[PDB]
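Read the structure below first, then the notes.
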Amino acid sequence: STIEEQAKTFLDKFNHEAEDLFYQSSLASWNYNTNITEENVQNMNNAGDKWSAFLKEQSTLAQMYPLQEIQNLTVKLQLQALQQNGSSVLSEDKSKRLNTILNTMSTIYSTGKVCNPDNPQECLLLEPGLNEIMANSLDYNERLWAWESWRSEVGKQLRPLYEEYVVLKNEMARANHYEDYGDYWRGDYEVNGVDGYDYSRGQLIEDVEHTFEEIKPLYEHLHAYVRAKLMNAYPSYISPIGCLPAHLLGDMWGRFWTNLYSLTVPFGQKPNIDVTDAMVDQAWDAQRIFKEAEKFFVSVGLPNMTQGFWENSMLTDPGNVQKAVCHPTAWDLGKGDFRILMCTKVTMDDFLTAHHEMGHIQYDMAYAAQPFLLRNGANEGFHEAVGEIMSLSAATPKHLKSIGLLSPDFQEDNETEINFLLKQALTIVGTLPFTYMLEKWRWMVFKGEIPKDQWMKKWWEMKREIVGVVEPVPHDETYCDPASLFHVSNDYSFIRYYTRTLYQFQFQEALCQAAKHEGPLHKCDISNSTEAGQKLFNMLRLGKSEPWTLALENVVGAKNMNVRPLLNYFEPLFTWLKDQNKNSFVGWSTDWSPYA
Amino acid sequence: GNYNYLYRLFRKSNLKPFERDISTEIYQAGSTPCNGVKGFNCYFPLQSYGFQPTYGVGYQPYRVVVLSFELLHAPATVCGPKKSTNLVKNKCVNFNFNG
Ligand SMILES: *[C@@H]1O[C@H](CO)[C@@H](O)[C@H](O)[C@H]1NC(C)=O
Ligand SMILES: *[C@@H]1O[C@H](CO)[C@@H](O)[C@H](O)[C@H]1NC(C)=O
Ligand SMILES: *[C@@H]1O[C@H](CO)[C@@H](O)[C@H](O)[C@H]1NC(C)=O
Ligand SMILES: *[C@@H]1O[C@H](CO)[C@@H](O)[C@H](O)[C@H]1NC(C)=O
Ligand SMILES: *[C@@H]1O[C@H](CO)[C@@H](O)[C@H](O)[C@H]1NC(C)=O
Ligand SMILES: *[C@@H]1O[C@H](CO)[C@@H](O)[C@H](O)[C@H]1NC(C)=O
């Protein structure tokens with residue numbers, strides 16, 4: 001009869017039919033990932049085409065129910081999610097051109113091979129050929145050669161493609177009643193219709209700048225300390241007053257600074273907290289690793305893994321004959337089927353990754369009661385943040401002592417906490433200006449603030465101003481230096497890492513306050529606390545049914561993203577860096593003083 | 001995927017106790033007549049459970065048998081088994097033979 005009842009029957013047939021088609025598509029993707037064979041590729045492509053065609057037909061049918069005659073918040077949220085045209089609003093020729101451009105960028109990035117001129121008999125791919133060179137070499141000209149040659153080949157191939165990509169995506173976004181593609185990406189954090197908890201697309205950029213303004217002193221001190229250490233490592237290249245050379249940051253693009261921990265260690269003489277040898281001595285299998293992770297999650301009060309998880313997951317590499325993707329991925333296949341695909345080794349990194357992916361599985365299990373189209377995180381930040389909090393808690397020395405992996409007579413003094421916090425800052429704090437600068441540059445490109453002939457002149461100007469990283473040699477407009485990264489070349493949002501980083505420490509402070517921890521925030525373990533698990537599970541059970549602002553109120557008691565938990569986490573390290581930077585100069589100059 | 005098992009997802013009114021509906025008539029959710037075609041606002045009532053072995057415990061198939069016991073004015077004939085205590089002779093015992 002009424003429009004709302006029609007929409008409810010439609011979203012009762014949709015959830016079941018989409019759940020079935022989803023499960024089938026996800027199972028085909030799983031069978032491709034654990035078994036790389038051509039029939040599995042064909043089955044994956046067929047299932048994906050059926051899934052996409054079904055989503056197109058339901059999007060075509062969902063728009064005939066007007067939004068303003070529906071008052072129920074959940075029904076309006078599902079109808080708002082379904083009624084998005086996506087690429088369907090664009091013409092078929094331009095949609096096909098956009099899909100072709102995305103596929104050819106994927107092939108160029110995946111199969112991009114670059115090696116030294118005059119020695120072309122063999123070449124190295126990005127993973128792991130160039131990654132290992134960027135992460136382990138100490139030679140200036142070798143890193144300069146790899147960086148400039150890979151950005152030359154990839155940028156000169158991708159620059160016309162990216163020029164077409166920005167125009168097509170802007171055309172689709174303006175066809176979808178958005179200002180630009182940046183507004184389309186920022187619409188994930190848009191909350192409309194809830195009194196008090198409304199969030200605007202324009203408020204996101206202002207909040208990011210407001211948080212980054214408080215990020216900036218800690219990043220300036222960390223940049224000065226890393227600059228001094230790299231000056232020690234490389235005597236003449238780095239200037240005391242200037243920016244860091246681009247090819248010396250330990251990774252291909254500057255995404256993480258975690259590969260500079262060896263060069264920039266405060267106290268090399270003091271030991272590390274590596275527990276790998278203890279697991280080797282006690283013969284810890286990957287099954288034992290996942291059982292210890294399950295013990296951690298039952299200690300906080302969350303549900304334990306299902307029998308189908310243990311039966312159907314692949315937690316060891318299958319062998320030479322059967323090929324599988326080595327990347328750890330948590331799969332919520334649907335219908336209560338939860339799996340982890342990880343080639344787990346006996347390392348600390350794999351143990352923390354197992355905790356992170358089981359946190360993903362716990363998040364997926366929590367919203368299983370919700371309808372199918374609301375089975376996601378409230379935003380893109382929460383889903384990664386709930387795994388990163390498990391990665392934080394599992395990495396603590398108290399957790400390692402509790403599970404027996406660390407010696408009970410290990411001395412926890414200030415120096416090990418300082419160097420551990422510096423490593424966590426290089427991994428976590430260092431990615432924040434790069435993420436913010438990349439997203440702000442992409443937003444200005446989509447908005448039209450920067451003309452196509454001035455993309456790179458502004459970009460390096462941004463990198464000097466924000467990241468404090470100078471180009472080795474000037475680049476003209478024939479280069480496409482941003483698109484060498486995986487996320488930007490393959491049409492992925494990048495602000496999820498920034499939001500994940502802030503939500504991680506906000507959740508960490510909230511759970512540690514819930515668990516009544518009485519020490520430093522980085523010394524906090526959330527095991528054995530039922531109330532902290534209850535506070536987590538109240539937000540976890542909601543899924544996408546409620547606004548992310550209300551979920552953040554449910555956890556931390558605040559209506560907005562906050563930067564103070566991050567600064568509280570690194571406060572001992574912040575005081576130590578302020579003490580160590582008395583002789584040196586904090587901050588950088590945007591001039592060409594080191595090298596150009 | 002086993003698609004031999006089906007359930008009714010839509011009906012105009014709730015079922016009465018111990019009622020069976022096996023009708024396959026197209027459900028009318030709107031004012032517009034369905035006319036036998038599964039178009040806009042007109043859905044097919046019976047949907048299938050795609051039972052696969054790798055499902056979760058809350059989605060796995062469960063066979064349910066419901067036993068309904070009624071006492072009516074007719075003679076009750078479905079009785080439970082009555083045991084037979086080993087007969088003892090030549091002693092003063094309390095005997096119960098067929099009531
Ligand atoms: C992987 O695919 C091959 C292809 O023939 C098949 O023989 C094998 O049984 C598969 N293994 C698994 C674990 O699915
Ligand atoms: C919205 O719809 C759901 C089912 O679709 C229902 O359970 C819920 O109570 C409704 N909310 C309101 C406020 O009526
Ligand atoms: C989707 O596109 C159709 C026509 O292409 C348009 O009528 C409809 O309003 C669009 N939906 C949204 C949410 O913009
Ligand atoms: C999960 O916990 C319940 C209750 O503690 C237990 O009965 C069940 O066996 C556990 N599951 C597994 C796979 O051990
Ligand atoms: C650690 O503590 C000792 C004794 O309190 C002190 O001598 C030392 O300077 C401290 N180091 C740092 C980095 O705070
Ligand atoms: C948490 O509970 C487990 C199980 O009883 C116990 O072994 C562990 O020691 C506890 N954690 C702490 C820090 O005591």
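We name chains A, B, ... following the order of the structure tokens; residues begin at 1 in each chain, and ligands are numbered from 1 as shown.
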
DSSP strand (DSSP E or B) residues within segment 73-223 of chain A, as a list in words: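 Result set for segment 73-223 of chain A (strand (DSSP E or B)): residues 113, 114, 124, 125, 191 and 199 of chain A.
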
Quick one: contact table of chain A to chain B, 12 Å max, nearest atom pair and distance in Å to one decimal per residue, counting only C-alpha atoms, chain and number order, as JSON lines?
{"residue": "A:1", "atom": "CA", "partner": "B:30", "partner_atom": "CA", "distance": 5.0}
{"residue": "A:2", "atom": "CA", "partner": "B:30", "partner_atom": "CA", "distance": 7.5}
{"residue": "A:3", "atom": "CA", "partner": "B:30", "partner_atom": "CA", "distance": 8.2}
{"residue": "A:4", "atom": "CA", "partner": "B:29", "partner_atom": "CA", "distance": 10.5}
{"residue": "A:5", "atom": "CA", "partner": "B:29", "partner_atom": "CA", "distance": 7.5}
{"residue": "A:6", "atom": "CA", "partner": "B:29", "partner_atom": "CA", "distance": 5.8}
{"residue": "A:7", "atom": "CA", "partner": "B:41", "partner_atom": "CA", "distance": 8.8}
{"residue": "A:8", "atom": "CA", "partner": "B:29", "partner_atom": "CA", "distance": 9.7}
{"residue": "A:9", "atom": "CA", "partner": "B:29", "partner_atom": "CA", "distance": 7.3}
{"residue": "A:10", "atom": "CA", "partner": "B:41", "partner_atom": "CA", "distance": 7.5}
{"residue": "A:11", "atom": "CA", "partner": "B:41", "partner_atom": "CA", "distance": 11.3}
{"residue": "A:12", "atom": "CA", "partner": "B:9", "partner_atom": "CA", "distance": 8.2}
{"residue": "A:13", "atom": "CA", "partner": "B:9", "partner_atom": "CA", "distance": 8.0}
{"residue": "A:14", "atom": "CA", "partner": "B:43", "partner_atom": "CA", "distance": 10.7}
{"residue": "A:15", "atom": "CA", "partner": "B:47", "partner_atom": "CA", "distance": 11.8}
{"residue": "A:16", "atom": "CA", "partner": "B:47", "partner_atom": "CA", "distance": 8.5}
{"residue": "A:17", "atom": "CA", "partner": "B:47", "partner_atom": "CA", "distance": 8.7}
{"residue": "A:19", "atom": "CA", "partner": "B:50", "partner_atom": "CA", "distance": 10.2}
{"residue": "A:20", "atom": "CA", "partner": "B:50", "partner_atom": "CA", "distance": 7.2}
{"residue": "A:21", "atom": "CA", "partner": "B:50", "partner_atom": "CA", "distance": 10.2}
{"residue": "A:23", "atom": "CA", "partner": "B:55", "partner_atom": "CA", "distance": 9.7}
{"residue": "A:24", "atom": "CA", "partner": "B:1", "partner_atom": "CA", "distance": 9.5}
{"residue": "A:27", "atom": "CA", "partner": "B:54", "partner_atom": "CA", "distance": 9.8}
{"residue": "A:57", "atom": "CA", "partner": "B:40", "partner_atom": "CA", "distance": 11.8}
{"residue": "A:58", "atom": "CA", "partner": "B:40", "partner_atom": "CA", "distance": 11.1}
{"residue": "A:60", "atom": "CA", "partner": "B:40", "partner_atom": "CA", "distance": 11.0}
{"residue": "A:61", "atom": "CA", "partner": "B:40", "partner_atom": "CA", "distance": 7.7}
{"residue": "A:62", "atom": "CA", "partner": "B:40", "partner_atom": "CA", "distance": 10.0}
{"residue": "A:63", "atom": "CA", "partner": "B:40", "partner_atom": "CA", "distance": 11.6}
{"residue": "A:64", "atom": "CA", "partner": "B:40", "partner_atom": "CA", "distance": 9.2}
{"residue": "A:65", "atom": "CA", "partner": "B:41", "partner_atom": "CA", "distance": 10.1}
{"residue": "A:305", "atom": "CA", "partner": "B:56", "partner_atom": "CA", "distance": 10.9}
{"residue": "A:306", "atom": "CA", "partner": "B:56", "partner_atom": "CA", "distance": 7.7}
{"residue": "A:307", "atom": "CA", "partner": "B:56", "partner_atom": "CA", "distance": 8.4}
{"residue": "A:308", "atom": "CA", "partner": "B:56", "partner_atom": "CA", "distance": 6.5}
{"residue": "A:309", "atom": "CA", "partner": "B:56", "partner_atom": "CA", "distance": 8.9}
{"residue": "A:310", "atom": "CA", "partner": "B:54", "partner_atom": "CA", "distance": 11.3}
{"residue": "A:311", "atom": "CA", "partner": "B:54", "partner_atom": "CA", "distance": 8.9}
{"residue": "A:312", "atom": "CA", "partner": "B:54", "partner_atom": "CA", "distance": 7.4}
{"residue": "A:313", "atom": "CA", "partner": "B:54", "partner_atom": "CA", "distance": 10.8}
{"residue": "A:332", "atom": "CA", "partner": "B:56", "partner_atom": "CA", "distance": 11.2}
{"residue": "A:333", "atom": "CA", "partner": "B:55", "partner_atom": "CA", "distance": 9.3}
{"residue": "A:334", "atom": "CA", "partner": "B:55", "partner_atom": "CA", "distance": 8.3}
{"residue": "A:335", "atom": "CA", "partner": "B:59", "partner_atom": "CA", "distance": 6.0}
{"residue": "A:336", "atom": "CA", "partner": "B:56", "partner_atom": "CA", "distance": 4.3}
{"residue": "A:337", "atom": "CA", "partner": "B:56", "partner_atom": "CA", "distance": 5.3}
{"residue": "A:338", "atom": "CA", "partner": "B:56", "partner_atom": "CA", "distance": 8.3}
{"residue": "A:339", "atom": "CA", "partner": "B:54", "partner_atom": "CA", "distance": 10.6}
{"residue": "A:365", "atom": "CA", "partner": "B:56", "partner_atom": "CA", "distance": 10.8}
{"residue": "A:368", "atom": "CA", "partner": "B:58", "partner_atom": "CA", "distance": 10.4}
{"residue": "A:369", "atom": "CA", "partner": "B:58", "partner_atom": "CA", "distance": 10.6}

Exercise answer, 7 Å around ligand 5 with only C-alpha atoms and all ligand atoms, as a ChimeraX atom specification: /A:413-415,418,576

The selected residues should be written to file as a short mmCIF file (atom, residue, chain, number, x, y, z; two decimals), in the first residue's frame (atoms: N, CA and C atoms).
data_model
loop_
_atom_site.label_atom_id
_atom_site.label_comp_id
_atom_site.auth_asym_id
_atom_site.auth_seq_id
_atom_site.Cartn_x
_atom_site.Cartn_y
_atom_site.Cartn_z
N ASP A 413 62.57 -0.83 31.15
CA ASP A 413 63.04 0.50 31.50
C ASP A 413 62.57 1.52 30.46
N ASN A 414 62.96 2.78 30.68
CA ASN A 414 62.50 3.86 29.82
C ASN A 414 63.09 3.82 28.41
N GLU A 415 64.32 3.31 28.25
CA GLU A 415 64.99 3.35 26.95
C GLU A 415 64.31 2.45 25.92
N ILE A 418 61.14 4.17 24.88
CA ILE A 418 61.45 5.26 23.95
C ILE A 418 61.72 4.74 22.54
N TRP A 576 61.12 13.24 24.98
CA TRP A 576 62.47 12.80 24.65
C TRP A 576 62.99 13.47 23.39
#

All residues having an atom within 7 Å of ligand 3 (only C-alpha atoms and all ligand atoms) as a count of residues only: 8

Nearby residues, ligand 1, 8 Å, only C-alpha atoms and all ligand atoms, as a ChimeraX atom specification: /A:31,34-37,318,322

For the residues in the current selection, export N, CA, C and O atoms as a CSV table (one decimal), in the first residue's frame.
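Once written, part.csv looks like this:
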chain,number,residue,atom,x,y,z
A,31,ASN,N,38.1,-19.2,-3.9
A,31,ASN,CA,38.6,-20.3,-4.6
A,31,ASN,C,39.7,-19.9,-5.6
A,31,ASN,O,40.6,-20.6,-5.9
A,34,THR,N,42.9,-19.0,-3.1
A,34,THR,CA,43.6,-20.1,-2.5
A,34,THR,C,44.0,-21.1,-3.6
A,34,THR,O,44.9,-22.0,-3.3
A,35,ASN,N,43.6,-20.9,-4.8
A,35,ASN,CA,43.9,-21.9,-5.9
A,35,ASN,C,43.9,-21.0,-7.2
A,35,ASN,O,42.8,-20.8,-7.8
A,36,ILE,N,45.1,-20.6,-7.6
A,36,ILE,CA,45.2,-19.8,-8.8
A,36,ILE,C,45.2,-20.7,-10.0
A,36,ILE,O,46.2,-21.2,-10.4
A,37,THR,N,44.0,-20.9,-10.6
A,37,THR,CA,43.8,-21.8,-11.8
A,37,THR,C,42.9,-21.0,-12.7
A,37,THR,O,42.0,-20.3,-12.3
A,318,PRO,N,50.1,-23.6,1.0
A,318,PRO,CA,49.7,-25.0,0.5
A,318,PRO,C,50.9,-25.8,0.0
A,318,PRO,O,51.0,-27.0,0.3
A,322,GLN,N,50.3,-25.9,-5.7
A,322,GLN,CA,49.2,-25.1,-5.7
A,322,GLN,C,49.6,-23.7,-5.3
A,322,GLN,O,50.2,-23.4,-4.3

Contacts of residue 46 of chain B at 7 Å (only C-alpha atoms; same-chain gap of 4+ positions) as a ChimeraX atom specification: /B:6-9

Selection from above, C-alpha atoms, as a PDB file, in the first residue's frame, can you write it?
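Written file, result.pdb:
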ATOM      1  CA  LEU B   6      11.820 -23.038   0.024  1.00  0.00           C
ATOM      2  CA  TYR B   7      10.120 -20.618   2.400  1.00  0.00           C
ATOM      3  CA  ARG B   8       7.320 -18.087   2.158  1.00  0.00           C
ATOM      4  CA  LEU B   9       8.631 -14.561   2.605  1.00  0.00           C
TER       5      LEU B   9
END

Residues flagged helix (DSSP H, G or I) by DSSP in segment 53-158 of chain A, as a PyMOL selection string: chain A and resi 53-62+67-69+73-82+86-89+92-110+126-136+140-158

Test item: residues no farther than 7 Å from ligand 2, counting only C-alpha atoms and all ligand atoms, as a VMD selection string: chain A and resid 8 72 to 75

Spatial neighbours of segment 455-457 of chain A, 8 Å, only C-alpha atoms, chain gap at least 4 places, as an MDAnalysis selection string: chainID A and resid 445 450:451 461 475:477

Interatomic distance, atom 8 (C, counted along the ligand's line) of ligand 6 to atom CA of residue 569 of chain A (Å, one decimal):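 We find that atom 8 (C, counted along the ligand's line) of ligand 6 and atom CA of residue 569 of chain A lie 24.4 Å from each other.
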
Selection: 8 Å around residue 389 of chain A, only C-alpha atoms, excl. self and same-chain fewer than 2 positions, as a PyMOL selection string: chain A and resi 356+385-387+391-393+504-505+507-508

Shell of 8 Å around ligand 6 (only C-alpha atoms and all ligand atoms), written as an MDAnalysis selection string: chainID A and resid 295:296 299 398:399 402:403 525 527:528

Could you write out the selected residues, including C-alpha atoms, as a PDB file, in the first residue's frame?
ATOM      1  CA  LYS A 295      42.285 -16.695  23.885  1.00  0.00           C
ATOM      2  CA  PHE A 296      42.952 -12.947  23.827  1.00  0.00           C
ATOM      3  CA  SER A 299      39.641 -12.820  27.597  1.00  0.00           C
ATOM      4  CA  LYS A 398      52.519  -7.299  29.186  1.00  0.00           C
ATOM      5  CA  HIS A 399      50.630  -9.404  26.622  1.00  0.00           C
ATOM      6  CA  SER A 402      51.010 -13.024  29.975  1.00  0.00           C
ATOM      7  CA  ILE A 403      51.072 -15.626  27.174  1.00  0.00           C
ATOM      8  CA  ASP A 525      46.730  -4.128  27.640  1.00  0.00           C
ATOM      9  CA  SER A 527      43.012  -8.370  28.039  1.00  0.00           C
ATOM     10  CA  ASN A 528      40.993  -9.796  30.982  1.00  0.00           C
TER      11      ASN A 528
END

Å distance separating atom CA of residue 570 of chain A from atom CA of residue 421 of chain A, one decimal place: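 Atom CA of residue 421 of chain A lies 6.6 Å from atom CA of residue 570 of chain A.
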
Proximity to ligand 4 - best of A:320, A:304, A:568, A:149, only C-alpha atoms and all ligand atoms: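 Counting only C-alpha atoms and all ligand atoms, the residue closest to ligand 4 is A:304.
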